[PDB]
$ cat my_file_18.pdb   # PDB, C-alpha atoms
ATOM      1  CA  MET P   1      12.466   6.871   0.349  1.00  0.00           C
ATOM      2  CA  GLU P   2       8.728   6.546  -0.233  1.00  0.00           C
ATOM      3  CA  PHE P   3       8.316   2.777   0.078  1.00  0.00           C
ATOM      4  CA  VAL P   4       6.459   2.708   3.398  1.00  0.00           C
ATOM      5  CA  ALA P   5       4.424   5.792   2.506  1.00  0.00           C
ATOM      6  CA  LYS P   6       2.167   3.414   0.580  1.00  0.00           C
ATOM      7  CA  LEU P   7       2.987   0.117   2.292  1.00  0.00           C
ATOM      8  CA  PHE P   8       2.460   1.170   5.909  1.00  0.00           C
ATOM      9  CA  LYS P   9      -0.563   3.128   4.682  1.00  0.00           C
ATOM     10  CA  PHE P  10      -2.059   0.058   3.005  1.00  0.00           C
ATOM     11  CA  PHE P  11      -2.108  -1.994   6.208  1.00  0.00           C
ATOM     12  CA  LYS P  12      -3.554   1.009   8.041  1.00  0.00           C
ATOM     13  CA  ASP P  13      -6.729   0.402   6.037  1.00  0.00           C
ATOM     14  CA  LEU P  14      -6.979  -3.169   7.326  1.00  0.00           C
ATOM     15  CA  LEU P  15      -6.434  -2.171  10.956  1.00  0.00           C
ATOM     16  CA  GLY P  16      -8.550   0.968  10.726  1.00  0.00           C
ATOM     17  CA  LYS P  17     -11.552  -1.299  10.215  1.00  0.00           C
ATOM     18  CA  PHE P  18     -11.057  -2.575  13.764  1.00  0.00           C
ATOM     19  CA  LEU P  19      -9.502   0.551  15.274  1.00  0.00           C
ATOM     20  CA  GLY P  20     -12.658   2.472  14.424  1.00  0.00           C
ATOM     21  CA  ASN P  21     -14.001   3.621  11.063  1.00  0.00           C
ATOM     22  CA  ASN P  22     -16.778   5.814  12.463  1.00  0.00           C
TER      23      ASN P  22
END
$ encode --input "my_file_18.pdb" --output "structure tokens"
Amino acid sequence: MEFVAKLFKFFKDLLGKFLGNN
């Protein structure tokens, strides 16, 4: 299944902003 491939990846963009986008 490829349901999280986009879901889990979407949230990663929200966290990445705090995790470090440099």
$ axis_aligned_box --input "my_file_18.pdb" --around "range 15-18 of chain P" --padding-each-side "5 Å" --output "AutoDock Vina command-line options"
--center_x -9.0 --center_y -0.8 --center_z 12.0 --size_x 15.1 --size_y 13.5 --size_z 13.5
$ atom_distance --input "my_file_18.pdb" --atom1 "CA of residue 20 in chain P" --atom2 "CA of residue 1 in chain P"
29.1 Å
$ atom_distance --input "my_file_18.pdb" --atom1 "CA of residue 17 in chain P" --atom2 "CA of residue 3 in chain P"
22.7 Å
